[PDB]
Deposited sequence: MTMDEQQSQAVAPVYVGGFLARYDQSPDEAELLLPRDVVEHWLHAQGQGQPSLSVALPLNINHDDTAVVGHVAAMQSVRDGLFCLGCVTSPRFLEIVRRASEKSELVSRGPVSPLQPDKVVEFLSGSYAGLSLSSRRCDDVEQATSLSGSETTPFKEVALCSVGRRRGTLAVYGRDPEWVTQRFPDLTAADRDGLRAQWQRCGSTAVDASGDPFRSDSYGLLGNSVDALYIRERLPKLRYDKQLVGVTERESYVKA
């Protein structure tokens, strides 16, 4: 209970929604810097599971256009979603194996890291942000952690100035969040089988990890 209480504390997620250096084969995935800045530069977008309106699990706490792409920081807050994740994490051998040495085991964070390893922006233009098994845009690796600062520190490309801009954002009471989640374990279970048949899933995830340099520092990423 006490230890289970920590499991369902909020979970932050960060990562690029798009990499300006990545040229996609599909026109639909194009998202140039000028386009992003226009709508972005010159209010809190919901965060969900695979773009499902009934699976809102939190909100976006910061969005920043940087040198290498569009970076996002979200916050998973749904008590229902986190409890579901807590229970499944207890029956995962992947999770039982734990994280890389120095990191403290964190079943909930590890389960999220394993299942929803990608970030997905889709559509105002900026409608919402989705956690998915793997993103269609390359470099969209999802990085989970209990601390916003820690998550941002997982990406070598971000400079101290970049992080300052992001911080000003998350430090600022959202409309999306009682519990915005309107799905269940059965729903998540149905989605898990879909993930099993995504082709090149692991190679895509490993490619993303190297592209954003998360391979350089320790994290809960399972890929």
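- Against the full deposited sequence, the model leaves out several stretches, namely 1 to 3, 46 to 54, 136 to 152, 202 to 203, 209 to 210.
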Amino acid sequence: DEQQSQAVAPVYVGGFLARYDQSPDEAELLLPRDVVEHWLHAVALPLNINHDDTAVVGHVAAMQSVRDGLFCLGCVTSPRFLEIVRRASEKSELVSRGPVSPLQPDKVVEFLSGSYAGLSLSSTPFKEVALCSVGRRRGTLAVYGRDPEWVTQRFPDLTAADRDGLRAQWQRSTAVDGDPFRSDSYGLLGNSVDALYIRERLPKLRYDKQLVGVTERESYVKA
From here on, numbers count along this sequence of modelled residues.
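- Remark: stretch with higher mean C-alpha B factor among 33 to 41 and 157 to 165 is 33 to 41.
- As the entry records it, the average C-alpha temperature factor is higher for 43 to 51, out of 189 to 197 and 43 to 51.
- Of all the options 96, 133, 123, 120, the entry's greatest CA B-factor is assigned to 123.
- When the Cα B-factors of 70, 62, 175, 57 are read from the PDB record, 175 comes out highest.
- Sorting the modelled residues of the chain by their CA temperature factor places residue 223 in the middle third.
- Annotation for residue 105: CA B-factor lies in the lowest third of the chain's modelled residues.
- In the PDB entry, a CA B factor belonging to the middle third of its chain's modelled residues is recorded for residue 80.
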